[PDB]
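Working notes for the structure below.
4 protein chains.
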Amino acid sequence: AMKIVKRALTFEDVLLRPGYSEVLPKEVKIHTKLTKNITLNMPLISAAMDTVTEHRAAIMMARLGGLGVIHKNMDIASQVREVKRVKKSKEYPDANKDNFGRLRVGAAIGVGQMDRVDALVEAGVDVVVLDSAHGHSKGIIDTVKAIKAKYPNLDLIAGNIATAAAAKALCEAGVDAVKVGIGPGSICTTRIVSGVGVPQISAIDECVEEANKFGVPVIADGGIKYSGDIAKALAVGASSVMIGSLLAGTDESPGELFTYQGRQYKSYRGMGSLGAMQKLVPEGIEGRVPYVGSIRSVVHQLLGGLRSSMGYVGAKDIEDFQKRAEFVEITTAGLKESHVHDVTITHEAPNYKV
Amino acid sequence: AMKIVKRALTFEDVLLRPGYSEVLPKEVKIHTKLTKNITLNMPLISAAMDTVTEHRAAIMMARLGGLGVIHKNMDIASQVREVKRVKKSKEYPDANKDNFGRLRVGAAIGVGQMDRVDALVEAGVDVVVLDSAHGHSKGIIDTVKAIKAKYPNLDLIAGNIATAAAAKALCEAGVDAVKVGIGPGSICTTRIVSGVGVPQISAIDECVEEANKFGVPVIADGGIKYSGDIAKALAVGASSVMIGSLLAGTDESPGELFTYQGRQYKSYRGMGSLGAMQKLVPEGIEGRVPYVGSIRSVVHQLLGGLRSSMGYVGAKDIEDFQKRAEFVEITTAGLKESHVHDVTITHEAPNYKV
Amino acid sequence: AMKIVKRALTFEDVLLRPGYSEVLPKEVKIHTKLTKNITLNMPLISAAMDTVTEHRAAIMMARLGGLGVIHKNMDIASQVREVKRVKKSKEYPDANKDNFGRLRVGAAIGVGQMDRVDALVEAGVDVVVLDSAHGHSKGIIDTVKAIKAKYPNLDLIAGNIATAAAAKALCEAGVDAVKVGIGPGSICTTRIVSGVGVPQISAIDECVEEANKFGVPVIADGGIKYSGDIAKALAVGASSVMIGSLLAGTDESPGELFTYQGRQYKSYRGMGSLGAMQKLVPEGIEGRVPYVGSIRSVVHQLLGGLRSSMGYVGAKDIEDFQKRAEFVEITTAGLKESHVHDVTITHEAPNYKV
Amino acid sequence: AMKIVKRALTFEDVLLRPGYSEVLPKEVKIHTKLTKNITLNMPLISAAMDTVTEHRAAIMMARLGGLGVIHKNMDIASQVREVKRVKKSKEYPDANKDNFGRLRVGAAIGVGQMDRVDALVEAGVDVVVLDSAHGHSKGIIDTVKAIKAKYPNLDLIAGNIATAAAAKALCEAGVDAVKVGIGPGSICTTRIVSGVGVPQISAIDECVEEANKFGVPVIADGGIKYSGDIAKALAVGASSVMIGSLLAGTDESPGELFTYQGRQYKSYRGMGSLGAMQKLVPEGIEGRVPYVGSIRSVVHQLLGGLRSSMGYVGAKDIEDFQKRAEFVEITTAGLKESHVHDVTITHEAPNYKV
Ligand SMILES: C=C(C)c1cccc(C(C)(C)NC(=O)Nc2ccc(Br)cc2)c1
Ligand SMILES: C=C(C)c1cccc(C(C)(C)NC(=O)Nc2ccc(Br)cc2)c1
Ligand SMILES: C=C(C)c1cccc(C(C)(C)NC(=O)Nc2ccc(Br)cc2)c1
Ligand SMILES: C=C(C)c1cccc(C(C)(C)NC(=O)Nc2ccc(Br)cc2)c1
Ligand SMILES: O=c1[nH]cnc2c1ncn2[C@@H]1O[C@H](COP(=O)(O)O)[C@@H](O)[C@H]1O
Ligand SMILES: O=c1[nH]cnc2c1ncn2[C@@H]1O[C@H](COP(=O)(O)O)[C@@H](O)[C@H]1O
Ligand SMILES: O=c1[nH]cnc2c1ncn2[C@@H]1O[C@H](COP(=O)(O)O)[C@@H](O)[C@H]1O
Ligand SMILES: O=c1[nH]cnc2c1ncn2[C@@H]1O[C@H](COP(=O)(O)O)[C@@H](O)[C@H]1O
Ligand SMILES: [K+]
Ligand SMILES: [K+]
Ligand SMILES: [K+]
Ligand SMILES: [K+]
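Chains as they are written, first to last, in the deposited numbering: chain A, 0 to 88, 203 to 391, 407 to 482; chain B, 0 to 88, 203 to 391, 407 to 482; chain C, 0 to 88, 203 to 391, 407 to 482; chain D, 0 to 88, 203 to 391, 407 to 482.
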């Protein structure tokens, strides 16, 4: 007999039940925690990818109350430059600011890049995001120990993990948040290339339960296709959500729009695709996503879905949302009924593309 | 661990078992209850949408023994006008009439629109349909209390809900029927935009069980794709069914037919689509449905399927249908076997479009 | 709570396990029982449809050791004529013959058509097939009683049923076989139009268990897409299988081949389609199936699959096949792995069309 | 009631959980056992098919540390010739060699072909692969007995089986490895034609458990679509994997590339297809697969996925991989999330084609 630990679910497998509500969606509060010490005025973080976040995206993210993580596929001096650009930036009331009244920013690092870390810290970065394919490893854990030993009060996010044991090891090493998601990313092939991963909803749930013991927030990273998924991710216990594909088609993301066969697009590619890495064995693809206009407008629709959700559940804030949330498991047939069905769409909605 | 209340099913997940029958389908009775006090000679209600029901559709609906609900996306004086048109309308033996021998009609209202309610009541409307995205809310419940306090004998339908607790709160507030369906509508994106909803078959079953305690009928609204679904909905305990997409392509629905690429259509759109509401965060889309001719002919095929169903089950009437009904859960493979399979359709059937 | 009797499976949901075998497929015996008194040299029956079986198909069926049922969508005098043509027909060693050494034939009848029955009996028909949408009804059961009372030794098949209770009622009325299948037919829309049916594998299993108590064979009718399905149907306990779509494209079936867009076809339609019945509420469609050549060649491939199957299981004959058979339930993913996958077919196989 | 032994899973139904890792993928060891006495420096075997393995493919396979099995669809003298070509062949450090320092090779045989066996043995073949549609049969078992009685120290692989009982019978007869897979092959139609088979992951698991009692390795043959599947197969307990479709499009496989509609391909067909066998009842199809270049490069990507996998699990070698492995069952929705989703691929990856 093979050891099957459980049957794991992801977003399309569950729904939230409506509950008694005394709140309208414009009234709910959506402030949350990025780390033990850093709060967000809204729970969205743009992914640390070279087709998603550099200074322009990071600036808008923080202006809107979230955060951008500057990717690390560039040399130390450039990444420092990108950070300083964000730091040096009534129209944006919910802006997410540091002590100097400057916009907050995150910056990605890898294993054993203490040089990069020194430079980013001196440049005034708010949080360092230590990302790896496998956060549950000696390499990553040694790096956390080295960083916290050298910078005891630097906010450090570490990822990516998918199990409770992984969350424990990272929290015990002293991280300020853990990032969850092995393989759910739109451009990610890890689960297919290696056969390894945990469906995202189950992964978040397992990791939150363990991380809560340390009061360490969980970041749910990857696999968000719609606003409803953000709601579900937050409802199950994640404190924030990290998004790549939904933000890659924006004005502010790196790169320019192009038109192919009468549609507008931008490139979007995984950091583990051959393209991004330049024989290599990739765990990501290079692709394109539809052009969707301003980051502002995209975030507005996403947050509106979250607001709507909390309204349906009766939650006044994210914490209240998490305690009230009840899920129902659905079937393939229920997924179809949930989507648009038996009607051809003639005017596309801003928040639902089929 | 995440709190999963249950695994919920919708229509495509179940079938009715055939049982011993002494009745032919032309002999079964299909009279039912719309509310505590209002009966239907057949269990179909046309949806309160600006692409489905105005006076023409409402008139035909009631003539055929059902009801139409005039939508509320128009000013008070127009909606009053639409109601009066229905009231002022041997060829139609099963017609559904009031005390004056006039056709019955429903008219939709929202939260805190008592002005609209006064006007509709004075115009002689038979039932007011208080619709909201979230019927299980203080807003809706306060409105019910205010309406029943002012008009103790006005038949009031309230919706939409999807849980037993929601049904209890509404029944205790004094409603005459509850309307069930969060997210199953063909043009509805609520479940995707907010992540909230309950698969329709499970939702009806849960709400009926609670509503029965008060002798309050349940209206199953949305997600009907075929005549079989109506049968299933009634069999599980709903007293009537509300239909949008299947009636939107009729002569009688508002709007005109147009031809696109050699097919005939009519527009059909959700009331929560951007189009219908005129930044906004929609929960519906704008679309088109095939043109299907007269309301008469469509209803004939639908009711024929219901009749056939009750025959197979051996039910002499809807009440008997509900007590005899036994379901079987099926699989994806069983759904395929159920549909047409392994043959290409060359002459389309009136009651089955693939 | 809704009364769900069980979770029902159909063919694509199961596989047979291989077992220890001392037999090759050319050595297994495939004789079986059509009814209590009539045996087949092979277990296939062609459906009683006006696009499948008239004299030519029936003749070939019996020559090959099976049976054809002449459809009843024609007047009494014509159907009598078709029967007499079969009766009046070393090249066909396994031929299925009566007392006169004439080919056996079946002929369909409906409720209260005793006139048709007298005429068919006098014409020398071997078995009368009383078919109805709902075999579990007073109409059908009264007809069985009337026929067995008048013709105590006439072999009577009655259908169609899908439950154990239905099988009991028919067996107690004195039928010689029961026919199983509500809604699995390729051209059938009953499950969608009325919401009523039982997935075919579960239906056979339930009915066999009850019918065995009376020593009454079960005929599994409808839903056969491939040779493997025949094997599964027989393995679960059915004594024979009735086939429409797989035989409709043959030389011998009524009608001529035509070519459309470079492919050859024949018409195939349900008896409850509008076309076949000539307002009406159909439970079938009119369609087309690929032209597949001779009945001989089609049956050869089908029987070869059965032979192969019994080989894999180690069965020396159908009875032995039924006692040895063990199933495994599979998943959607297992179904994909089972089919051809990840390769494009360039030369089509005679026994597998994708 | 029908006897359902279990619900069986295949590859797409499971994932491996990540665990704590102190190893990088370039450090894990991938040596394994082909049989009791023959080791591989890497766990891949090319299928014994006339579109996959003759001398050129076999030579490269062994050079890379695996093995090729020369197919038997040719006369004895030719197959002997192919074997001698392999035997007569620092650039290939991991090469898989015999006592003479010559490349190892396998050669396929059928039931009662002792003549072929004598010739292959005298030609110096390293392992004889006795393949049959049904390894669990008197024919196959008698052949094993005859071969081991005549050649007690000749390494004999026998297949194909799918049950624990089949594994027991073969191990007790004295085989050196068993080969597992009834019906999962890309070009295989056995499960559809006969209704018989076991989903590959369940089949391996069941057979390994029994074979381990004898210290007999299990070869998982067929159904491998991606590198992740190899990992999963090894993780569940198989000692090696046999591959057809993934190697059929290589330079080294028999046949030439051709271009059709702007894509490059090679033919790939089952040994039980009509084409390969030349009325016959096939259990395979003739098809085409994309041209993928050198065997070297394909194997590199496959092994890279395995290495990556073991890294994620923390396994230092295959044996350690097997003891650490924990699976999670996923849903259809989880499979979608696992694949690339919601992005159009613009530059294809070498190790992931959609
Ligand atoms: C986010 C992922 C998966 C990512 C990002 C960048 C590069 C990569 C590559 C190099 C393709 N894969 C990669 O680094 N995989 C890996 C697997 C297991 C262990 Br232990 C360590 C590393 C992967
Ligand atoms: C039927 C629905 C969902 C509908 C109909 C019209 C408009 C809308 C819009 C405005 C898009 N959505 C809407 O009113 N949503 C909503 C969600 C939760 C709570 Br609490 C209150 C309202 C929704
Ligand atoms: C095999 C079927 C379903 C069939 C064949 C011919 C005609 C029909 C039609 C007339 C369309 N349907 C039909 O006879 N349906 C039916 C349903 C319940 C009861 Br009780 C009695 C009859 C159905
Ligand atoms: C690998 C398979 C299935 C294969 C390979 C070559 C030929 C065949 C053919 C001849 C089509 N099938 C075949 O030999 N089937 C078979 C089934 C049961 C028993 Br017991 C014995 C044999 C099958
Ligand atoms: O190439 C890669 N392989 C695997 N995961 C990746 C790769 N590149 C980015 N990711 C992850 O995928 C996330 C984005 O997923 P998305 O929001 O679903 O598009 C990022 O935040 C990373 O965690
Ligand atoms: O835009 C909207 N969002 C969500 N539900 C809607 C919207 N508009 C109409 N509905 C519901 O959908 C039902 C029609 O669903 P249908 O019969 O499946 O097409 C209506 O009766 C309403 O209850
Ligand atoms: O129109 C109809 N409605 C429902 N079932 C039908 C109809 N016509 C034929 N059938 C059934 O379908 C069977 C053929 O199914 P097939 O072998 O899957 O194509 C016949 O033997 C009948 O039992
Ligand atoms: O025609 C056949 N019928 C059934 N299985 C076959 C046939 N030919 C080859 N196989 C099996 O399929 C395997 C290849 O499967 P693949 O790796 O999925 O393409 C071979 O190693 C054989 O075990
Ligand atoms: K919907
Ligand atoms: K069907
Ligand atoms: K297959
Ligand atoms: K993915």
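All C-beta atoms, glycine included, are put in the ideal place defined by N, C-alpha and C.
Who are the near neighbours of residue i in its chain, counting only those whose CB is closer than 7 Å to its CB and skipping five residues on each side?
i        : result
D/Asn36  : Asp268 and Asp289
C/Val79  : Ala232, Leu233 and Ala236
B/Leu431 : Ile29 and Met41
A/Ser88  : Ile58 and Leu216
Please classify residue i as buried or exposed, where buried requires at least 16 other C-beta atoms within 10 Å of its C-beta.
i                      : result
C/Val68                : buried
B/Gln429               : buried
D/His249               : buried
A/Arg376               : exposed
residue 486 of chain D : In the structure as shown, chain D begins at 0 and stops at 482. Residue 486 of chain D is therefore absent and cannot be evaluated.
B/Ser422               : exposed
D/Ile458               : buried
B/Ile3                 : exposed
A/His475               : exposed
Grab me the residues of residue i's own chain with a C-beta within less than 8 Å of its C-beta, minus the 5 sequence neighbours each way, in chain order.
i        : result
C/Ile260 : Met227, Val230, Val241, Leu243, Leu267 and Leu269
A/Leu39  : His30, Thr31, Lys32, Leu33, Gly64, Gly65, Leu66, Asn209 and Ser353
B/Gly328 : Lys35
C/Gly341 : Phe10, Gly433 and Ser437
Bridge partners of residue i, per DSSP?
i        : result
A/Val354 : A/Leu43 and A/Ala333
D/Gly328 : Note: D/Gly328 sits in no beta bridge, so no partner.
B/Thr472 : C/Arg416
D/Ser20  : A/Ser250
A/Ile222 : A/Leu243
I'd like the list of long-range same chain contacts for residue i, defined as Cβ closer than 6 Å, with 5 residues on each side in sequence excluded.
i        : result
A/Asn72  : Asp49
C/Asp318 : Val349
Interfacial residues, the stretch 346-363 of chain A to chain D, with Cβ spacing under 7 Å:
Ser358
Under 7 Å (Cβ pairs) to chain B, residues found in the stretch 298-311 of chain C
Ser299, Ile300, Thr302, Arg304, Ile305, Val306, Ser307, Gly308, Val309, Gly310 and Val311
To be precise: take each residue of the stretch 450-466 of chain A, compare its Cβ to all Cβ atoms of chain B, and keep it if any distance is under 8 Å. Which residues remain?
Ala453, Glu454, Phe455, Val456, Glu457, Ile458, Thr459, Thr460, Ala461, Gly462, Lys464, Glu465 and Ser466
When you get a sec, list the residues whose CB is within less than 6 Å of any heavy atom of ligand 5, chain order please.
A/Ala46, A/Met48, A/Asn273, A/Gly294, A/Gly298, A/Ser299, A/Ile300, A/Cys301, A/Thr303, A/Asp334, A/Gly335, A/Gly336, A/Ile337, A/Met355, A/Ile356, A/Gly357, A/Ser358, A/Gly383, A/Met384, A/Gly385, A/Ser386, A/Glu411 and A/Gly412
Using a Cβ-Cβ cutoff of 9 Å, what residues of the stretch 4-19 of chain C are near chain D? List them in chain order.
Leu8, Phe10, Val13, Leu14, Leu15, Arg16, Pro17, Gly18 and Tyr19
Taking only beta carbons into account, state which residues of the stretch 39-65 of chain D come closer than 9 Å to chain A, listed in chain order.
none
Chain D contacts from the stretch 468-479 of chain C (Cβ-Cβ distance under 8 Å)
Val468, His469, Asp470, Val471, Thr472, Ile473, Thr474, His475, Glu476, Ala477, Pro478 and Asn479
Name, going along the chain, the residues of the stretch 313-337 of chain A whose beta-carbon falls closer than 7 Å to a beta-carbon of chain D.
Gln313 and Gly336
Which of the residues in the stretch 363-378 of chain C, read from start to end, lie with their CB under 7 Å from any CB of chain D?
none
Could you list the residues in the stretch 237-269 of chain D with a C-beta less than 7 Å from some C-beta on chain C, going in chain order?
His247, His249, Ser250 and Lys251
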